[PDB]
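Student: So that we are looking at the same thing, I have put the structure below in structure tokens.
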Amino acid sequence: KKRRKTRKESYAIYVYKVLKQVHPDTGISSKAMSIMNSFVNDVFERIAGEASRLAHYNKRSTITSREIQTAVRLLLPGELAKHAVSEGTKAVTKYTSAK
Amino acid sequence: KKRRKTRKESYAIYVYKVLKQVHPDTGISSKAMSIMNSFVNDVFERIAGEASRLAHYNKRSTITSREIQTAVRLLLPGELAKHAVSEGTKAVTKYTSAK
Amino acid sequence: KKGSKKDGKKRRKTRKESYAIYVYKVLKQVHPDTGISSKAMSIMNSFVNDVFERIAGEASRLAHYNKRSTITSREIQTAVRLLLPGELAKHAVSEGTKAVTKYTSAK
Amino acid sequence: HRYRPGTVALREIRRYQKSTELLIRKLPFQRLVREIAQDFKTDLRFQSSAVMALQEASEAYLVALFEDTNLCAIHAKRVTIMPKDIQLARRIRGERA
Amino acid sequence: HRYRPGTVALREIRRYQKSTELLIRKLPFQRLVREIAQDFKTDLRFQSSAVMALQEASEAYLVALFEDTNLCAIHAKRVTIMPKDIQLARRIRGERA
Amino acid sequence: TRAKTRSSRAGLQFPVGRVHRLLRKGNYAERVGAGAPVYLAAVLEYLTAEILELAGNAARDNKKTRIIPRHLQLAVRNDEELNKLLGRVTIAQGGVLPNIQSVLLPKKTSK
Amino acid sequence: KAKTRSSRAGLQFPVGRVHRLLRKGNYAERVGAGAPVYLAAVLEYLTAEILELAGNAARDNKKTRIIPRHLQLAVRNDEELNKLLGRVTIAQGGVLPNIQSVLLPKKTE
Amino acid sequence: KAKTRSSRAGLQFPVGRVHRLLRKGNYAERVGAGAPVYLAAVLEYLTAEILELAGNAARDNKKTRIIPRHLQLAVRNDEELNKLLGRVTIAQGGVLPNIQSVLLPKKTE
Amino acid sequence: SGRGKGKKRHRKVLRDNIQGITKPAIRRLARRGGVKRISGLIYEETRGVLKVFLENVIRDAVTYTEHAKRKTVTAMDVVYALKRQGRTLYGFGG
Amino acid sequence: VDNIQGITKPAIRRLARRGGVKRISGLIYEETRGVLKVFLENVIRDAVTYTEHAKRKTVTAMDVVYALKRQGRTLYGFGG
DNA sequence: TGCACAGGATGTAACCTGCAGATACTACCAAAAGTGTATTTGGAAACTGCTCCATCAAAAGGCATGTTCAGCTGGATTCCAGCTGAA
């Protein structure tokens, strides 16, 4: 059963997990979940695209967390950027101090 | 050198670690750190006291994460409670799914 | 059997204790021909339980503040001085002391 | 025959300060309790003494607040309580600010 | 040159609301504390931070009471605080009551 | 020869045994000395006597022989110390003390 | 596979997938190890912000299931999300209720 | 001691110490294993919320070091923290600038 | 007598019950509070204050109810809620 | 060897200014002293009760912190 | 009599530096904390006795509502003695 199995991945199961952490008793329709999948894909592309240009502008062949951070600061509005940066920095620290 | 070493513990080194995660380039005075130590001790006592009464009211000899959660909901104002609950639930899940 | 039952005794109700018989005993000492309604008795039961909890909580804190794991009559006495207003604490301390001294004078 | 404005009001103060009966009608208060609770959590039932406890507490709270509110009206050289008197009492109490 | 009555009072409010330094003199406060304590137990000593804790708490208490007292004066259409304003605030707070 | 309830032994009406058990059941400390429930029972008994004394007086003043919540509230609110001890307590069906602010009374006879 | 990278980062979003997508996206010759972790964390955070607000909207509309309308309400009533998604159309989202004052009954008031 | 409980919980706050304090506090006969983890996480979260706000206050006052004044500014300007600490006095905290309008120059305006 | 699942089952929509707290009732509470004269805007103000008071106590009482896995709010849930808000009530248990 | 009279009119005025007060009645000063004395009597009474219970001759900052807390006036900063 | 302009005073800025107080490094140790294993037990399941909660019914009178009328209160205005602020 792998033929028509051309895997089509999405963020649906991860968006679902986050919804549970913020609203344990709330569901989400399929149409709404597709909006969310589009959302995450869109932001990923904008942030990655901005990170890409940043590295190119600086003649760097590597996109590191620093480019992601600066891209976030350029793309996201004030408060959203501060918290996004705080969350990003936290995950990288944890990850680092991780076995 | 253990005599006058009557250990007097505090949350200072942990408060310090958290300050670094939220404001990497910010320090904190000793007087401010003592305010923070008092703060953490105060909230610990209020939450533990509320958890204690909850268990007693229900004729339970055990304070579990469920009592901590309900105590948090009773003690903390709206949004603060939601995020506190989200953080608590996250730590217990991680901890659980942990070796 | 422990916790038996089930014309009477429908599957034994768990006992709900109260200070009522003691409150009643004291009432008769002070006002021999005065009765008390059940609602007033429910108020008295709340009062005794509330003061018990306030004094015991204060004593608990006192013991912890002093790194002691035992609540003695001394912690009760100090909790009483902290919790009760002037004359009441004075007479309460006197009665409490008198009772402990009597209690320890036996055997 | 007419009693002067204020005479009957004073008669009612004396009457109600001598009695202890609840002053809000029971069923209407019970529906308010159910409505509010329902908005917090659906499908709740109430012991009838739970509702009476809420009513006893609610009335004692309001009566005491009207006493503080009256002090505020009087402070301003009035005998008529107004919303600002209630607001000042709740603010000094720490219920508001 | 003379500033009008009220101009300097307003300047002081702004100066003091911006700072956090204790406003009562240290020694006179320490004396008051020791005197009061001597009434409960003679021959006591005080850790310096005990006295400072009492002063921080006393000043915070008085400042917050003056805020309430000020609301009471304004409620009576005045800008001058009077003893009856302090008394009203303490009664509503339950300190007098 | 030893015995006799601890209450009789302490000269009390309130139950020393019950108070000891409640102190242990409430998680106030790891240990509870023998004298603590005796002292606490004596204090609870004493406060009970004080409120009942004043409350029976209120019932008598109102020509009643049975104490009801109203009498407890009159006893408490008319007593400076009990009023303070119970300052944040509501006695159900207690009502309030009769009290009309002076400025609200009529007078000066005239619009 | 001892612990997933997401678990080590304390994240719900897939760090490995984000790493792979960065690599296959031709954003740069190389991708550092912390980049997909930082990015996954930002994506998860933004998702949580919008879901929190849309969930609140569903709740205000007496519903337990978030539909496109709730996401639209959440984004448009939020100054910053509205700006981030200023050039985005949420299908089946509708618009916020808004009638210009001059159009209300009695001349203009 | 392979991994600390705090590490396993993804926390900076000391889970073991919180466990020990719950036990020695006489809050209950027994303390479940997840209780100190949930509580440590709440304590850490609240600390982070206040430090974030006090740090912002220090920054707005042209300072890099948080002093009591900044904690007071942070708490009092935050509706929820202000309520949680409604009956708390932060030493050397001062008060928020606030002058009743009627007191401002020119009668009342 | 122990059978069902609702079935015969009531429960009409509850709304605007704050108006059940009438002008006469509020006047009576104000009278017991020693108030002799009342401005017309006092009634709606009092309803607003009571609603906040009730929302707060009921919120905590229901939290106690839910924690205990019950579907019925007990007098004890109310007493504990009142106590934690510093409004200790005697007469209803505890 | 003043004392309550040592809490000066100027210190009280300063406290009032921090409290947002613009104009002060001449009778406020004595009133404030009375109120401050009651506050200290209340807090110090309890602190000394903790001192004595501990069998100490020295009032500690903790004795004051515990006294303040039980009076509903929790103070942060002095729990070292 | 009202509005706008000009002038003197006050506050903040940008900058500079000593130092109280924060910080970085090493040394030591009791107890804090975690791991292994062996025993105890709190309290969830499952089943159901038994209370009391929701709801219906019908009757009726206590009490709410809505209105009229006008007494007297609050609100606005004016005046000025003298308290309180500024220096």
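Within each chain, counting starts at residue 1; across the structure tokens, chains are named A, B, ... in the order shown, with ligands numbered 1 upward in that order.
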Give me the residues within 9 Å of region 70-81 of chain H as a ChimeraX atom specification, counting only C-alpha atoms (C1' of nucleotides) and dropping any in the same chain fewer than 3 places off.

Tutor: /B:32,35-36,76-80 /H:49-58,61,66-67,84-86,89-96

Student: Can those selected residues be exported to a file as a CSV table (one decimal), in the first residue's frame so that it contains N, CA, C and O atoms?

Tutor:
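As a result, selection-v6.csv now contains:
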chain,number,residue,atom,x,y,z
B,32,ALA,N,17.1,43.9,44.5
B,32,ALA,CA,16.1,43.4,43.7
B,32,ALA,C,16.0,41.9,43.7
B,32,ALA,O,14.9,41.3,43.6
B,35,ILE,N,13.9,40.8,46.6
B,35,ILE,CA,12.5,41.0,46.3
B,35,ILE,C,12.1,39.8,45.6
B,35,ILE,O,11.0,39.2,45.9
B,36,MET,N,12.8,39.4,44.5
B,36,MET,CA,12.5,38.2,43.8
B,36,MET,C,12.4,36.9,44.6
B,36,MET,O,11.5,36.1,44.5
B,76,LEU,N,-4.3,32.6,40.8
B,76,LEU,CA,-3.9,33.5,39.8
B,76,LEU,C,-4.9,34.2,38.9
B,76,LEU,O,-5.9,33.5,38.6
B,77,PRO,N,-4.8,35.4,38.6
B,77,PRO,CA,-5.7,36.2,37.8
B,77,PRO,C,-5.8,35.6,36.4
B,77,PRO,O,-4.8,35.1,35.9
B,78,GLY,N,-6.9,35.6,35.7
B,78,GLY,CA,-7.1,35.1,34.4
B,78,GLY,C,-6.0,34.7,33.5
B,78,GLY,O,-5.7,33.5,33.4
B,79,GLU,N,-5.4,35.6,32.7
B,79,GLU,CA,-4.4,35.2,31.8
B,79,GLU,C,-3.2,34.6,32.4
B,79,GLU,O,-2.6,33.6,31.9
B,80,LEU,N,-2.8,35.1,33.6
B,80,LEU,CA,-1.6,34.5,34.3
B,80,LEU,C,-1.9,33.0,34.6
B,80,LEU,O,-1.0,32.2,34.5
H,49,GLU,N,7.8,36.1,33.9
H,49,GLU,CA,6.9,37.2,33.5
H,49,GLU,C,7.3,38.5,34.2
H,49,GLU,O,7.3,39.5,33.5
H,50,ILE,N,7.6,38.5,35.5
H,50,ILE,CA,8.0,39.7,36.1
H,50,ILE,C,9.4,40.2,35.7
H,50,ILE,O,9.6,41.4,35.6
H,51,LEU,N,10.3,39.3,35.5
H,51,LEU,CA,11.6,39.7,35.1
H,51,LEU,C,11.6,40.3,33.7
H,51,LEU,O,12.4,41.2,33.4
H,52,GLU,N,10.8,39.8,32.8
H,52,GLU,CA,10.6,40.3,31.5
H,52,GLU,C,10.1,41.7,31.6
H,52,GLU,O,10.6,42.6,30.9
H,53,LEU,N,9.1,41.9,32.4
H,53,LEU,CA,8.5,43.3,32.5
H,53,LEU,C,9.4,44.2,33.3
H,53,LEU,O,9.4,45.4,32.9
H,54,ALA,N,10.1,43.8,34.3
H,54,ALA,CA,11.0,44.7,35.0
H,54,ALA,C,12.2,45.0,34.2
H,54,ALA,O,12.8,46.1,34.3
H,55,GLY,N,12.6,44.1,33.3
H,55,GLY,CA,13.8,44.3,32.4
H,55,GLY,C,13.3,45.4,31.4
H,55,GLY,O,14.1,46.2,31.1
H,56,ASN,N,12.1,45.3,30.9
H,56,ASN,CA,11.6,46.3,30.0
H,56,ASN,C,11.5,47.7,30.7
H,56,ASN,O,11.8,48.7,30.1
H,57,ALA,N,11.2,47.7,32.0
H,57,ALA,CA,11.1,48.9,32.7
H,57,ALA,C,12.5,49.5,32.9
H,57,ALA,O,12.7,50.7,32.8
H,58,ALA,N,13.5,48.7,33.2
H,58,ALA,CA,14.9,49.1,33.4
H,58,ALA,C,15.3,49.8,32.1
H,58,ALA,O,15.9,50.8,32.1
H,61,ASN,N,14.1,53.1,31.4
H,61,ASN,CA,14.6,54.1,32.3
H,61,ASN,C,16.1,54.3,32.0
H,61,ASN,O,16.8,54.9,32.8
H,66,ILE,N,18.3,45.7,36.8
H,66,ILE,CA,17.0,45.8,37.4
H,66,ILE,C,17.1,46.0,38.9
H,66,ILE,O,17.8,45.3,39.6
H,67,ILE,N,16.5,47.1,39.4
H,67,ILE,CA,16.5,47.4,40.8
H,67,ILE,C,15.0,47.4,41.3
H,67,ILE,O,14.1,47.2,40.5
H,84,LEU,N,-2.3,40.1,41.6
H,84,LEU,CA,-1.7,39.0,42.4
H,84,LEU,C,-0.9,39.5,43.6
H,84,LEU,O,-0.9,38.9,44.7
H,85,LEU,N,-0.2,40.7,43.4
H,85,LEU,CA,0.6,41.3,44.4
H,85,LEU,C,-0.2,42.5,45.0
H,85,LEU,O,0.4,43.5,45.5
H,86,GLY,N,-1.5,42.4,45.0
H,86,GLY,CA,-2.3,43.5,45.5
H,86,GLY,C,-2.1,43.9,47.0
H,86,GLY,O,-2.4,45.0,47.4
H,89,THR,N,4.1,44.6,49.4
H,89,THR,CA,4.8,45.9,49.4
H,89,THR,C,6.2,45.5,48.9
H,89,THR,O,6.9,44.6,49.5
H,90,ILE,N,6.6,46.1,47.8
H,90,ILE,CA,8.0,45.9,47.3
H,90,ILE,C,8.8,47.0,47.9
H,90,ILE,O,8.7,48.2,47.6
H,91,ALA,N,9.7,46.7,48.8
H,91,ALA,CA,10.6,47.6,49.4
H,91,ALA,C,11.4,48.5,48.4
H,91,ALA,O,11.8,48.0,47.4
H,92,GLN,N,11.6,49.8,48.7
H,92,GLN,CA,12.3,50.7,47.8
H,92,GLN,C,11.7,50.7,46.4
H,92,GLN,O,12.3,50.9,45.4
H,93,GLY,N,10.3,50.4,46.4
H,93,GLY,CA,9.7,50.4,45.1
H,93,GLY,C,9.1,51.7,44.7
H,93,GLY,O,8.9,52.0,43.5
H,94,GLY,N,8.8,52.6,45.6
H,94,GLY,CA,8.1,53.8,45.3
H,94,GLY,C,6.7,53.6,44.8
H,94,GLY,O,6.2,52.5,45.1
H,95,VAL,N,6.1,54.6,44.2
H,95,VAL,CA,4.7,54.5,43.6
H,95,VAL,C,4.7,54.9,42.1
H,95,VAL,O,5.7,55.4,41.6
H,96,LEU,N,3.6,54.6,41.4
H,96,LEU,CA,3.5,55.1,40.1
H,96,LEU,C,3.2,56.6,40.0
H,96,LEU,O,2.5,57.1,40.9

Student: Please superimpose chain H upon chain G, fitting all C-alpha atoms matched one to one in order, and report the result as a short mmCIF file (atom, residue, chain, number, x, y, z; two decimals) with C-alpha atoms, in the first residue's frame.

Tutor:
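Wrote it out as part_23.cif, contents follow:
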data_model
loop_
_atom_site.label_atom_id
_atom_site.label_comp_id
_atom_site.auth_asym_id
_atom_site.auth_seq_id
_atom_site.Cartn_x
_atom_site.Cartn_y
_atom_site.Cartn_z
CA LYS H 1 16.57 7.30 17.83
CA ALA H 2 17.02 8.22 21.48
CA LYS H 3 15.37 11.63 21.67
CA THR H 4 13.97 13.61 18.77
CA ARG H 5 15.49 17.03 18.24
CA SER H 6 12.10 18.57 18.94
CA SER H 7 11.99 16.83 22.32
CA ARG H 8 15.48 18.05 23.14
CA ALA H 9 14.42 21.59 22.20
CA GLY H 10 11.28 21.30 24.28
CA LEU H 11 9.18 21.76 21.16
CA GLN H 12 6.06 20.29 19.67
CA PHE H 13 6.97 21.44 16.14
CA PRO H 14 9.20 19.05 14.08
CA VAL H 15 12.75 20.28 14.16
CA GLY H 16 14.01 17.60 11.77
CA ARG H 17 11.34 18.39 9.20
CA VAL H 18 12.14 22.11 9.51
CA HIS H 19 15.82 21.26 9.01
CA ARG H 20 15.01 19.24 5.92
CA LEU H 21 12.74 21.92 4.51
CA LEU H 22 15.40 24.59 4.98
CA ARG H 23 17.89 22.38 3.17
CA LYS H 24 15.57 21.55 0.28
CA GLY H 25 14.39 25.12 -0.02
CA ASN H 26 17.69 26.34 -1.45
CA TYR H 27 17.90 29.14 1.05
CA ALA H 28 21.62 28.63 1.55
CA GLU H 29 24.47 26.20 0.87
CA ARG H 30 24.53 25.15 4.50
CA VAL H 31 22.10 25.20 7.42
CA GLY H 32 23.42 25.34 10.97
CA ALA H 33 22.00 22.98 13.58
CA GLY H 34 20.40 25.66 15.72
CA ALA H 35 18.57 27.31 12.79
CA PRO H 36 15.78 24.74 12.47
CA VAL H 37 15.36 24.74 16.25
CA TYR H 38 15.04 28.52 16.46
CA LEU H 39 12.68 28.55 13.49
CA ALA H 40 10.56 25.64 14.68
CA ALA H 41 10.14 27.47 17.97
CA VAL H 42 9.01 30.65 16.22
CA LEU H 43 6.54 28.75 14.05
CA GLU H 44 5.13 26.98 17.12
CA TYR H 45 4.88 30.26 19.06
CA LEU H 46 3.01 32.02 16.27
CA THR H 47 0.67 29.09 15.87
CA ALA H 48 -0.04 29.19 19.61
CA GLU H 49 -0.73 32.93 19.50
CA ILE H 50 -3.30 32.62 16.74
CA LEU H 51 -4.90 29.46 18.12
CA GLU H 52 -5.22 31.11 21.52
CA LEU H 53 -7.00 34.08 19.97
CA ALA H 54 -9.15 32.04 17.58
CA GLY H 55 -10.12 29.74 20.43
CA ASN H 56 -11.17 32.82 22.43
CA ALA H 57 -13.20 33.93 19.42
CA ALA H 58 -14.90 30.54 19.08
CA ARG H 59 -15.68 30.74 22.78
CA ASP H 60 -17.18 34.26 22.41
CA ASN H 61 -19.39 32.95 19.64
CA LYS H 62 -20.64 30.04 21.74
CA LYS H 63 -18.62 27.44 19.84
CA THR H 64 -16.06 24.82 20.84
CA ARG H 65 -14.69 24.21 17.35
CA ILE H 66 -12.48 26.80 15.64
CA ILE H 67 -13.58 27.50 12.04
CA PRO H 68 -12.09 29.97 9.50
CA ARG H 69 -14.34 32.75 10.81
CA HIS H 70 -12.70 32.51 14.22
CA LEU H 71 -9.22 32.69 12.73
CA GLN H 72 -10.25 35.76 10.78
CA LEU H 73 -11.81 37.40 13.83
CA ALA H 74 -8.67 36.62 15.84
CA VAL H 75 -6.26 38.04 13.29
CA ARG H 76 -8.21 41.10 12.31
CA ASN H 77 -8.95 42.17 15.88
CA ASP H 78 -5.27 41.82 16.73
CA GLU H 79 -3.21 44.79 15.61
CA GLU H 80 0.04 42.83 15.16
CA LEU H 81 -1.39 39.66 13.60
CA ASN H 82 -3.44 41.85 11.34
CA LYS H 83 -0.26 43.58 10.15
CA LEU H 84 1.69 40.35 9.74
CA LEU H 85 -1.22 38.97 7.67
CA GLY H 86 -2.00 42.33 6.09
CA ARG H 87 -1.75 40.93 2.60
CA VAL H 88 -3.29 37.54 3.35
CA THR H 89 -6.85 36.33 2.68
CA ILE H 90 -8.31 33.77 5.05
CA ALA H 91 -10.83 31.81 2.98
CA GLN H 92 -14.38 31.71 4.43
CA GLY H 93 -13.23 34.31 6.91
CA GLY H 94 -15.69 37.10 6.17
CA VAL H 95 -14.96 40.63 7.48
CA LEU H 96 -15.23 42.42 10.83
CA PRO H 97 -18.56 44.10 11.57
CA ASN H 98 -17.95 47.78 10.79
CA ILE H 99 -20.38 50.44 9.58
CA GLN H 100 -19.09 53.95 8.92
CA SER H 101 -20.73 56.29 11.45
CA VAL H 102 -22.06 58.70 8.84
CA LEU H 103 -24.21 55.91 7.44
CA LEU H 104 -26.10 55.30 10.70
CA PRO H 105 -29.72 56.51 11.05
CA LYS H 106 -30.55 60.21 11.59
CA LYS H 107 -28.45 62.24 9.15
CA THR H 108 -25.05 61.40 10.61
CA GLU H 109 -24.49 60.41 14.22
#

Student: Please provide the set of residues having any atom within 9 Å of residue 41 (chain J), restricted to only C-alpha atoms (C1' of nucleotides), with same-chain residues fewer than 3 positions apart removed, written as a PyMOL selection string.

Tutor: (chain E and resi 33+36-37) or (chain J and resi 36-38+44-46)

Student: Would you mind reading off the distance between CA of residue 9 (chain C) and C1' of residue 51 (chain K), one decimal, in Å?

Tutor: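 Between these atoms lies a distance of 13.8 Å.
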
Student: Chain B: which residues are strand (DSSP E) by DSSP, as a VMD selection string?

Tutor: chain B and resid 27 to 28 62 to 63

Student: Within 9 Å of residue 13 (chain D), counting only C-alpha atoms (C1' of nucleotides), which residues qualify if same-chain residues fewer than 2 places away don't, as a ChimeraX atom specification?

Tutor: /D:8-11,15-18 /F:98-100 /I:28,30-36

Student: Just the selected residues (C-alpha atoms), exported as a PDB file, in the first residue's frame, please.

Tutor:
ATOM      1  CA  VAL D   8     -41.243  56.617  55.975  1.00  0.00           C
ATOM      2  CA  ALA D   9     -37.669  56.053  54.779  1.00  0.00           C
ATOM      3  CA  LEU D  10     -36.529  56.402  58.424  1.00  0.00           C
ATOM      4  CA  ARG D  11     -39.342  54.106  59.483  1.00  0.00           C
ATOM      5  CA  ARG D  15     -37.776  48.186  60.534  1.00  0.00           C
ATOM      6  CA  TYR D  16     -35.117  46.488  58.474  1.00  0.00           C
ATOM      7  CA  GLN D  17     -32.313  47.007  60.955  1.00  0.00           C
ATOM      8  CA  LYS D  18     -34.386  45.167  63.563  1.00  0.00           C
TER       9      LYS D  18
ATOM     10  CA  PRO F  98     -29.711  49.271  64.706  1.00  0.00           C
ATOM     11  CA  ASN F  99     -27.777  52.359  63.730  1.00  0.00           C
ATOM     12  CA  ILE F 100     -28.935  55.496  61.963  1.00  0.00           C
TER      13      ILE F 100
ATOM     14  CA  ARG I  28     -34.628  47.349  51.346  1.00  0.00           C
ATOM     15  CA  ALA I  30     -29.969  50.053  51.442  1.00  0.00           C
ATOM     16  CA  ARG I  31     -32.425  50.645  54.351  1.00  0.00           C
ATOM     17  CA  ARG I  32     -30.868  47.838  56.424  1.00  0.00           C
ATOM     18  CA  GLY I  33     -27.581  49.559  55.480  1.00  0.00           C
ATOM     19  CA  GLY I  34     -29.016  52.754  57.040  1.00  0.00           C
ATOM     20  CA  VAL I  35     -29.566  54.674  53.812  1.00  0.00           C
ATOM     21  CA  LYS I  36     -32.355  57.217  53.794  1.00  0.00           C
TER      22      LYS I  36
END

Student: For the helix (DSSP H, G or I) assignment from backbone DSSP, which residues of chain I qualify? Please present them as a PyMOL selection string.

Tutor: chain I and resi 17-20+23-32+42-67+75-84

Student: Give as a list in words every residue of chain F that touches chain I within 8 Å, counting only C-alpha atoms.

Tutor: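 Putting it all together, I get residues 88, 89, 90, 91, 92, 96, 99, 100, 101 and 104 of chain F.
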
Student: Distance cut-off 7 Å, counting only C-alpha atoms - which residues of chain B neighbour chain I? Return them as a PDB file with N, CA and C atoms, in the first residue's frame.

Tutor:
ATOM      1  N   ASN B  58     -11.087  17.559  50.275  1.00  0.00           N
ATOM      2  CA  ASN B  58     -11.517  16.355  49.598  1.00  0.00           C
ATOM      3  C   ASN B  58     -11.115  15.059  50.291  1.00  0.00           C
ATOM      4  N   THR B  70      -5.399  23.171  40.219  1.00  0.00           N
ATOM      5  CA  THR B  70      -6.582  23.824  40.744  1.00  0.00           C
ATOM      6  C   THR B  70      -6.214  24.989  41.677  1.00  0.00           C
ATOM      7  N   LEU B  74      -7.289  29.001  41.184  1.00  0.00           N
ATOM      8  CA  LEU B  74      -7.947  29.774  42.238  1.00  0.00           C
ATOM      9  C   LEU B  74      -7.112  31.006  42.609  1.00  0.00           C
TER      10      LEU B  74
END

Student: Hey, can you check how far CA of residue 45 (chain F) sits from CA of residue 79 (chain I)?

Tutor: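 Between CA of residue 45 (chain F) and CA of residue 79 (chain I) the gap is 23.9 Å.
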
Student: Go through chain B and flag each residue having an atom no more than 12 Å from chain F; for those, report the closest pair of atoms plus their distance in Å to one decimal, using only C-alpha atoms, ordered by chain and rising number, as CSV.

Tutor:
residue,atom,partner,partner_atom,distance
B:49,CA,F:27,CA,11.1
B:52,CA,F:27,CA,8.8
B:53,CA,F:26,CA,9.3
B:55,CA,F:26,CA,10.6
B:56,CA,F:26,CA,7.6
B:57,CA,F:26,CA,10.5
B:59,CA,F:25,CA,10.1
B:60,CA,F:25,CA,11.0
B:61,CA,F:27,CA,9.5
B:62,CA,F:27,CA,11.4

Student: Do me a favour and pick out the residues of chain D within 7 Å of chain E, using only C-alpha atoms, as a PDB file with C-alpha atoms, in the first residue's frame.

Tutor:
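part.pdb was written with the following content:
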ATOM      1  CA  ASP D  68     -19.841  52.471  53.570  1.00  0.00           C
ATOM      2  CA  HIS D  75     -18.918  62.924  53.791  1.00  0.00           C
ATOM      3  CA  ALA D  76     -19.896  64.975  50.729  1.00  0.00           C
ATOM      4  CA  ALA D  89     -16.180  52.895  48.911  1.00  0.00           C
ATOM      5  CA  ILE D  92     -10.986  52.429  49.272  1.00  0.00           C
ATOM      6  CA  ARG D  93     -11.872  48.813  50.113  1.00  0.00           C
TER       7      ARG D  93
END

Student: Which of these, E:12, E:96, E:26, E:34, has the shortest distance to chain F once you count only C-alpha atoms?

Tutor: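 Using only C-alpha atoms, chain F sits closest to E:96.
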
Student: Please report the interatomic distance between CA of residue 54 (chain J) and CA of residue 56 (chain C) in Å with one decimal.

Tutor: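 It comes out at 17.8 Å.
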
Student: When you look at region 48-54 of chain C with a cut-off of 10 Å (counting only C-alpha atoms (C1' of nucleotides)), what residues show up, excluding the ones that are within fewer than 4 positions of it in the same chain? I need them as a PyMOL selection string.

Tutor: (chain C and resi 18-20+23+43-44+58-60+79-80+83-84) or (chain F and resi 19+22-23+26+28+40-41+43-45+47-48+85-86+89) or (chain I and resi 88-90+93-94)

Student: For chain K against chain B, which residues fall within 12 Å using only C-alpha atoms (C1' of nucleotides), given as a list in words?

Tutor: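 Output check: residues 20, 21, 22, 23, 27, 28, 29, 30, 31, 32, 41, 42 and 43 of chain K.
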
Student: Please provide the set of residues having any atom within 9 Å of residue 24 (chain C), restricted to only C-alpha atoms (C1' of nucleotides), with same-chain residues fewer than 6 positions apart removed, written as a short mmCIF file (atom, residue, chain, number, x, y, z; two decimals) with C-alpha atoms, in the first residue's frame.

Tutor:
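That gives us out-v6.cif:
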data_model
loop_
_atom_site.label_atom_id
_atom_site.label_comp_id
_atom_site.auth_asym_id
_atom_site.auth_seq_id
_atom_site.Cartn_x
_atom_site.Cartn_y
_atom_site.Cartn_z
CA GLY C 35 -31.81 27.04 74.91
CA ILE C 36 -30.27 27.45 71.44
CA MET C 41 -25.85 25.89 67.01
#
